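Given as structure tokens, the chain that follows is alone and in the form deposited in one PDB entry.
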């Protein structure tokens, strides 16, 4: 689901919608939420509600608009999960970063904005969060179990603003990254913070997930909120 009427223009004229949550009280920092492989769906709406309930405004852009606008897949339905994997395999990461950049610019300028913008991404969105941190578009970025992070380690020195990443230590559907490689790589730049959840793999934050681990979800969520709170006025 998306907020009817919201249209954000990107770097190449491509336009996409977004699910928007105004803050309980204005002005407030705005959090751009970078979707997982299921599009802007029930869990993304839940994340928008969560951040609003925690004092933020939130914008979840339709990153699947380049392929199939309005895609919102149910992770409990096998055929929709197969469509999610197909969309993910064909997803253009660099265009996703560009769309997120446009969503961040949109977020800085809303009437309810305090001027500060953060980004929180899940899986696909967690990999995107790292790429966005390497470009420096946001004040603070957070990635939950970002897929393929180990392969982007050469970008560690480009990160100029804080970025926090929650890593699942267990393999699940997507394998876990090397604790050794990530720890060493991220360790070189104190703007990067990383936590490992040895009793969880990816997808641990969604209650209905087969990978949900309440303890990991809660501790990661607590750290995400502590990490984002300095953005608040």
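Positions refer to the first chain, counted from 1. Residues that one form lacks are left out of the comparison. Rigid core here is just the name for the largest C-alpha set that superposes within 1.5 Å across the two forms.
Unshown form deposited in another entry; subsequent notes refer to it.
S.K.: Which single residue of 174, 68, 191, 42, after superposing the core, moves its CA by 2 Å or more between this form and the one not shown?
M.R.: With the rigid core fitted, the residue that moves is 174.
S.K.: Taking the cut-off of 3 Å or more as given, in which direction does the distance between the C-alpha atoms of residue 75 and residue 174 change in that other deposited form, closer or farther?
M.R.: They are farther apart; the C-alpha distance rises by 3 Å or more in that other deposited form.
S.K.: Your call: residue 175 and residue 82 CA atoms, closer or farther in that other deposited form versus the shown structure, by 3 Å or more?
M.R.: Those two alpha carbons end up farther apart in that other deposited form.
S.K.: As a test: superpose on the rigid core, then list the runs of at least 3 residues whose Cα atoms all move 2 angstroms or more between this form and the one not shown.
M.R.: Run 171 to 179 stands out as the only one displaced between this form and the one not shown - at least 3 residues long.
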